Amino acid sequence: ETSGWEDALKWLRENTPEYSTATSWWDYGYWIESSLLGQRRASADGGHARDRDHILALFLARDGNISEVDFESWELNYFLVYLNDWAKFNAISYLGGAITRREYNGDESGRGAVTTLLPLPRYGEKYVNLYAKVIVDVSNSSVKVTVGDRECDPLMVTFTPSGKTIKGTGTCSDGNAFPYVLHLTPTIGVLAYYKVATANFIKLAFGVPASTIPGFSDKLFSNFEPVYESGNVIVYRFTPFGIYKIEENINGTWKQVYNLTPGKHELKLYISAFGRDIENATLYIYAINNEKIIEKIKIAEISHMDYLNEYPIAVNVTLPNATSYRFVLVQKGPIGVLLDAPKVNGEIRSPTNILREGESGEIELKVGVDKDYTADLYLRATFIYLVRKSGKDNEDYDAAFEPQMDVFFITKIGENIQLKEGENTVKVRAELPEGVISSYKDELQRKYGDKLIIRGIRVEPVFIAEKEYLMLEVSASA
Ligand SMILES: [Ca+2]
Ligand SMILES: [Cl-]
């Protein structure tokens, strides 16, 4: 009765490191594996809690700059998008701050609600969502959309692979406004309210490069790589740093290549920085033979790169033989996966509020890692809160609540810790400055007044080491 969930999960356990981390909207991943099939491997296996629900939605429901959520700060490795989640997209869009309370579920007089997303499987020259009484007739190359009795005209219709784009009028024969966009693809079509027409979930789930920002869509598919799919579940491998385009100099002309051949090359690299800046990193190409690294070639050094304003990197490299090449970036990032409830002064605590403001104590942690790391250890705070961007107040149905995620390190309490592959134990003395939390919570209140709504304050322990990020792997060619 599974929608591919067991095939996908059961695939992850057999194809990813023992201490990987995955997420799914509303934790279907964890719930399927734990509650339905019985399982545990760490105090956590993915993201949880109502504050991540907000940030997960912010990513799924939005597009462009404001959707570049910092998944790396969660040491995220895999993302499982579930097609069926289209049915909940109204809530997802609401938590993600895309739509207002009214468009979410109507006002006091039951009017206004909208249908953010609606999938239209094919039928043959016709696309139709039986359950919603919607029919899309293209045959003749004009596109006729029937919604119930009415006849409605999109604000726009798109074809993919095609890329064609008819410009509708966004109105119904009812005379009413139909602010919807229709994306059509060989196997399915999707009708989407305008506020979520370019939604990343559409990009991941239904294969529609939907982006109101040039380049974004290419970059995003370099940060989220599909590695497996079953039914309505596609498992993507995240990476806050990837390469969406490799240009090679062929006769003083830059052309796009899709694999490299042994030998010297004059290249141009296009990196996508998803969620966080590139900070003092080193890039390498790893010649790979029989899935065996046979050489590590440093190719460049980026001191910094804006995550909302990348740029191409120039690089000349001589490459050995091997079957494939791996562009890797290495820089400071989070590592480790608590395997038990952290203890403080002997007692058990929450791995998300390890210490209270002002309180000090002896912290103990069982830490698992898939590689040998030398890391520092900090107490990092993470504020997740909403900021009402419309409406007279929080109850006004005009209200839409834009979710934010602020993360700052408070104090280093670890130092050159030699974490070795497998399980580890780390006892350390720590103290959380007096005021650090209330201080920030006051600065937020000062910036946003009543438009604010704290959803979750976290104070957790994080091991930061130099870690390798796989940006892209190409193949050796003739
Ligand atoms: Ca970016
Ligand atoms: Cl972080």
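About the thresholds
- Sequence order as written determines residue numbers, which begin from 1 on each chain and need not coincide with the entry numbering; residues that lack coordinates are not included.
- To label them, take the chains in the order written and letter them from A, then take the ligands in the order written and number them from 1.
- The side-chain quantities take in all heavy atoms of the structure and omit both hydrogens and water.
- Residues with missing side-chain atoms are left out of burial classes, side-chain pairs and their counts.
- DSSP bridges decide pairing: two strands pair if at least two such bridges lie between them.
- Secondary structure elements are taken from DSSP: a helix is a run of H or I of four residues or more, a strand is a run of E of two residues or more, and numbering for both begins at the N terminus.
- Those domain boundaries reflect an automatic or database domain assignment.
- As a working definition, buried area equals the accessible area (1.4 Å probe) given up by two parts on being put together, with both sides summed.
- The working definition used for a salt bridge is a side-chain nitrogen of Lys or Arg within 4 Å of a carboxyl oxygen of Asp or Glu.
- Relative accessibility decides the category of a residue: with a 1.4 Å probe and only protein chains considered, values under 20% of the type maximum give buried, values over 50% give exposed, and everything between is partly exposed.
- A patch consists of residues whose relative accessible area exceeds 30% and which take part in no salt bridge; residues with like charges are grouped when within 9 Å of each other, and nonpolar side chains (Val, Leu, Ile, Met, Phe, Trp, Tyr) when within 5 Å.
- Here, Shrake-Rupley sampling with a 1.4 Å probe gives the accessible areas, and only protein chains in the shown set may cover a residue.

Method of structure determination, per the deposited record: X-ray crystallography was used for this entry, reaching 3.0 Å resolution.

K.L.:
Would you mind going over the sheet that holds strand β12 (residues 188–193) with me for this structure?
P.N.:
Taken together, the five strands give an open sheet; going across it, the order is β3-β12-β11-β8-β9, and neighbouring strands pair in mixed fashion. Of all the strands in the sheet, the pair left with one neighbour each is β3 (117–121) and β9 (165–166).

K.L.:
In this structure, what is going on with the domain arrangement of the chain? I would like to understand it.
P.N.:
For an interface, size is often stated in terms of accessible area lost upon the parts coming together. Segmentation of the chain into domains returns domain 1 (1–114 + 198–239), domain 2 (115–197), domain 3 (240–333 + 466–478) and domain 4 (334–465). Taking only C-alpha atoms into account, the centre of domain 1 sits 28 Å from that of domain 3. Summed over both sides, the interface of domain 1 with domain 3 buries roughly 1,500 Å², with 52% coming from carbon and sulfur. Per-residue buried area on domain 1 facing domain 3 is highest for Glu68, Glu72 and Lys219; these three make up 40% of the total on that side. Counting across the interface, domain 1 meets domain 3 through four salt bridges.

K.L.:
I would appreciate a short explanation of the pairing of strand β14 (residues 233–238) in the present structure.
P.N.:
Along a regular strand, successive side chains alternate from one face of the sheet to the other. Counting buried positions over the six residues of β14 gives six, a clear majority of the element. Burial along β14 is two-sided: the residues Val233, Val235 and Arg237 and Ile234, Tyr236 and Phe238 are all buried. Inspection of the sheet shows strand β2 (residues 78–82) paired to β14 by five bridges, in the antiparallel sense. Looking across to β14, one finds that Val81 is bridged to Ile234. Two successive antiparallel strands, strand β13 (residues 224–229) and β14, enclose a turn made up of three residues.

K.L.:
What's the story with a nonpolar patch on the surface in this structure? I'm lost.
P.N.:
Taken together, the side chains of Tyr30, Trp31, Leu36 and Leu37 define a hydrophobic patch exposed on the protein surface, amounting to about 410 Å² of accessible area. Here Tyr30 lies in helix α2 (residues 28–36). On the basis of relative accessible area, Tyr30 is assigned to the partly exposed category, the value being 38%.

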